[PDB]
């Protein structure tokens, strides 16, 4: 499988390779401050400029990356985007949108549900298909019209880390390139390229503070439940942080849109169910603190990952886990890191099988 070097597990290694991985993914693609996707060929732009809707299919952690990207495609490139679990798409009769581009996200490029949604799509009237993948020569790559490799290097750990952040990096580059094809304000693209060029050092910063996440992991290591909350583009990061905690600690962690906490889940919260919040602004955190106060009688606690610049202050049931300020455009990618490290340190404390969590496999090559 490969040399782990100084890391104890492939996953830890892959988490620490994120900066170099994202660097590698940017290589050849940034030319004079603009996204250069010329690796796609001379007719690529013709197709891309035709796109009026983007459809994304994937499973697991790859669906979570697609979900983040939808907020980018719509808010920044102004393009309608839908993301769907691959198995759900493949078994339903769908209404295909005018001039829709079909994108599949997959680390392995072999996931059966995703490969099937792609095969099916060819007969449904899509403008064409684009594979974002980390494995060259894999089926999803071979069978798509276009492919943008993430170039993260091989990922051996079953719970994906660098493949996810490099996927979001390729996605943001596509959003950039599409904002330009649509003749949208050039600042949209520059903000993205700048967020991207900073990203590697911003994660390297996040990594240097791993010891603080380790301490936090002690408060979750004996818990059997956890609720992860996020709003907008951080909603999917909360999805991804609960998936990672499920995957390698086996804790029953579920994600929720922050605004729906009150429409149900507050009834479950007690001391055995910590609530994590991913990069909330002030207005949202005020609501959440008011919600957690409703459950103080049961020891409800909020754990808030947030920009030190927001000025939030920890209280007895609200713990601010301060992070460096970072560019809004890349914040979803950056806030993933602490959630990967949290899951990893909980797994270490418990002594679970990080690189091969029970009953899971790197890629599900069967439907």
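Numbering follows the first chain given and starts at 1.
The question of which stretch, 338-346 or 323-331, has the higher mean Cα B factor is settled in favour of 323-331. Remark: stretch with higher mean C-alpha B factor among 258-266 and 239-247 is 258-266. Sorting 302, 68, 35, 313 by the CA temperature factor given in the entry leaves 35 at the top. In this structure the maximum Cα B-factor among 59, 318, 56, 48 is found at 48.
For residue 283, the recorded CA B-factor ranks within the highest third of the chain. Only modelled residues enter the ranking.
For residue 272, the recorded CA B-factor ranks within the lowest third of the chain. Only modelled residues enter the ranking.
Per-chain ranking of the deposited C-alpha B factor places residue 210 in the highest third.
Compared with the other modelled residues of the chain, the Cα B-factor recorded for residue 107 ranks in the middle third. The PDB entry assigns residue 307 a C-alpha temperature factor belonging to the middle third of its chain's modelled residues.
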